[PDB]
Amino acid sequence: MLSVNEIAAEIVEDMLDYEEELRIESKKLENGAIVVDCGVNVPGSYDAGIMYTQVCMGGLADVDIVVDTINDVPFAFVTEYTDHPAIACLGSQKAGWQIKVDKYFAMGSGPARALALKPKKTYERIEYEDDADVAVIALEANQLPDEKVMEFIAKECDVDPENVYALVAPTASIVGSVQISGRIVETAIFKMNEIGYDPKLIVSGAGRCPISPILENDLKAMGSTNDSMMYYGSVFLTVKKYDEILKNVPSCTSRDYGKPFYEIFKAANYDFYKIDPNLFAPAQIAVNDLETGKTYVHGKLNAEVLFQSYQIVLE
């Protein structure tokens, strides 16, 4: 068996060996839980962003950054791949655990989900559950979780708080930008599942996505980070059997294509968990079908919308 929590805990302990270089900071709370600030009160870094993404994907993906251009404008890009897409993406990376503890709110991602079974239906669908005595969660939030929050997470994962780790970064941070663009393969897998395609049929995925510039606050960053995938994210996927419904994966087949993600988020009263899950999707995909040996291409890139979302100023 592969344990996404045990594998990710090893990555976190490596992060902790390089705190200063990565521009992150950890603290152990009164109950023993370790909270790793990756961008709330510290800058974080590109490498912290890569490692945060690797942790979100349960250690079952390769994630790197390459610098390239869009209409000659330079950007950093995530390039990533996985041969465990259901587990890495739906069983771990998906932000499927809404954290609310009194006034503390966070979007919860990562391996801890596979112990707490959040949401239960995902684990039924992908036929995975972790078995571990350590839990690693990734929280997207503008505040660090305290003892009571970590005690709750530990309890839900059936682990002692002394064996829980949380990575934390806000949407508007370099770790935020990198880890969200690092969901490019996940966007495809998630949309495929939403339209009814069995994620257990997905063999592998590889993706590329520009990393958003950091906008002025977390609400605006929610828009630009998501627009990276929705308007400029590319995925090559391999599946056991093709289904014609897969033409509906790309974002250009959605009723809301052309709207900046910020507008979608605003219409959901700035509540991520109130957004229709059907609205998450990659810009373009190529699907290699093992059964027929064909590769079906769907979608398109849209630099014009991306540059608007990125608040680009040309001369």
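All residue numbers refer to positions in the sequence shown, first residue = 1.
Taking only CA atoms, the mean B-factor in the PDB entry is higher for 102-110 than for the other of 174-182 and 102-110. Comparing the deposited coordinates for 63-71 and 262-270, the stretch with the larger average C-alpha B-factor is 262-270. In this entry, the residue among 53, 251, 288, 31 with the greatest C-alpha B factor is 31. The residue among 140, 80, 83, 133 whose C-alpha carries the highest B-factor in the deposited model is 133. Among all modelled residues in its chain, residue 227 ranks in the lowest third by Cα B-factor. Ranked by C-alpha B-factor against the other modelled residues of its chain, residue 284 falls in the middle third. Annotation for residue 44: CA B-factor lies in the lowest third of the chain's modelled residues. Split the chain's modelled residues into thirds by C-alpha temperature factor. Residue 207 is in the lowest one. Sort the chain's modelled residues by C-alpha temperature factor and residue 237 lands in the middle third, per the entry.
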